[PDB]
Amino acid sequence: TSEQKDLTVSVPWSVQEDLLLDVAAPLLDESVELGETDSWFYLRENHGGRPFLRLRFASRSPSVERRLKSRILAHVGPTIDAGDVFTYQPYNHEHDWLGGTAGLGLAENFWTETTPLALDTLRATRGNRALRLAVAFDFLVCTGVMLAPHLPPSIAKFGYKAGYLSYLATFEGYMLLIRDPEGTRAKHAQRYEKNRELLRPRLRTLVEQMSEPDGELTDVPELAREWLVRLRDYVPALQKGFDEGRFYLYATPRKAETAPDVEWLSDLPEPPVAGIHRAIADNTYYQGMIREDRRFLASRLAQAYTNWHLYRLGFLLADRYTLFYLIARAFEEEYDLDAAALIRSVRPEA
């Protein structure tokens, strides 16, 4: 009865937001309330330097997609070109690191159910980049604390410190791929110095408000709270997917995607991050746990949902990694943490 629809609108990021809040969500919410459409969600993605808003919805009626297109044209005005903004960019049913084919329904469920939150977040911070960054800081800090008790017990013991290790691992992992790691880190560190006195007490307060991460979270800011309870509601189903052999974390290469003696001539000393990589390299158990423990795999899938949510809110790579870096540094200084020492202490229990 219902047919899967998929519409992509290739316009600048800021225009995607206007269309979403002023044209697309009111139309699609109305269509849902009338039963013309079953449900909908949106993604924001990019192909070849052409950002686009994706609207995905199941509807019996061909009119819904057509009404959407025609009202998008009315909103933007005759300035943009209709024959260029609707170039179809095909939906990926097998997104990297999102659980594989068997995980698609759960991800689409999650996106549908968090679409009101995403829209409310955009509306509350419309035209206010600093407020939207603060909102993102809030739910990212809380997510690392909330997920910690669902980790394998040998890392779940860390509590909120497992949030620190997570954001640090994400940042340092990307440092291994880039052209100038030391120059890029220096710029992030410069940014932390400017914001340290604001970030550290904000972070400690969020962690305190997350002290019972299984509870009602009544002191957490409203938008973060809604994010946390919804993601946490999905954790059992994330865990069940892996436990039952259905979910797998992988990437897929696309169609036709091919795949001196410093120790002596030294006079700059060891980087502090080198101690951290040595720590991981020496901890075989930790390595296996990250790759194969099903509670960790479920955590990584919730991690991917969190990253997708940043992207649905319009945070591009630079902003996302700034947030990860700022959070990690603030954890590190506020609680006097030693990542190498924490990594070294992860051992099998019993």
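Sequential numbering from 1, following the sequence displayed.
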According to the entry, are there none, 1 to 3, 4 to 9, or 10 or more residues of the deposited sequence without coordinates between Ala259 and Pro260?
10 or more
Selected stretch [higher average CA B-factor]: 236 to 244 or 179 to 187:
179 to 187
Output the stretch having the higher mean C-alpha B factor in the entry; the candidates are 136 to 144 and 196 to 204.
196 to 204
The residue of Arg60, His309, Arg56, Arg50 with the maximal C-alpha B-factor according to the PDB record is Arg60
Whose C-alpha has the highest temperature factor in the PDB entry: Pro90, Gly159, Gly215, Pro253?
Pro253
Taking the chain's C-alpha temperature factors as the reference, tell me which third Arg295 falls into: lowest, middle or highest.
middle
Using the B-factors in the PDB entry, rank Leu28's C-alpha atom against the chain and give the third, lowest, middle or highest.
middle
Of the three thirds of the chain ranked by Cα temperature factor, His277 occupies the highest
By the entry's values, the third containing the CA B factor of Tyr285 is the highest
Sorting the chain's modelled residues by C-alpha B-factor, tell me whether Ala339 ends up in the lowest, middle or highest third.
middle
